[PDB]
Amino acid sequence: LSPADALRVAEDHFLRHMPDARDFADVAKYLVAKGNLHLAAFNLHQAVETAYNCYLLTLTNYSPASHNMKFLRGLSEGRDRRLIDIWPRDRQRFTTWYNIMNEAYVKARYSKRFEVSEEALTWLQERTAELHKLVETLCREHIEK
C-alpha cells in the first residue's frame, strides 16, 4: 500500500527468490552429471516451486505458505495465462514425467526406489528453463513507475 514501497518490496522478493530458483536448477544439472537422478528431480521440484513462489510474491505480495505445487502453479497460471505453455499436455509422457518431479519432493530422499530416466530429466530441465525465463520476464514487466 504505497507506490514506492510496493516497488521496493517487489524488487526485494524477486531478488531474494529468483536466484534460489536458478541455483536449484543448476544443482540439478550438477547432480545429473553426478549420476544422481533422483536427487536431481528433487532439485528440479524445488527450482519450479521456488520459481512460482517468486512469481506470486513479486506480483501480489503474498504466497500461500503451504507452498503446494499444484496450488502455487494453479494460482500462478490463474494470474497470467502465458504460464500454461510451460507444461503442455499434448503427449501423455509429459504428465508421467511431470508427476515424477512432483512425487520427488515427498519420495526420492525417502522411498526405497524412485525411477526416473535420463530422458525424463532432460525434459524437466528444458521445461524448468522455460519457466524460469518466462517468470523472469513476467517479473521485470511488473515495474511500478
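From 1 onward, residues are counted along the sequence shown.
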(message) On mean Cα temperature factor in this entry, is 25-33 or 79-87 the higher one?
(response) 79-87
(message) Using only C-alpha atoms and the B-factors in the entry, which stretch averages higher, 48-56 or 35-43?
(response) 48-56
(request) Tell me which of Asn61, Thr96, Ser117, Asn102 tops the list for C-alpha B factor in the record. (result) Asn61
(message) For the chain shown, is the CA B-factor of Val9 in the lowest, middle or highest third of its modelled residues?
(response) highest
(request) Classify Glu130 as lowest, middle or highest third according to the C-alpha B-factor given in the PDB entry, relative to its own chain. (result) middle
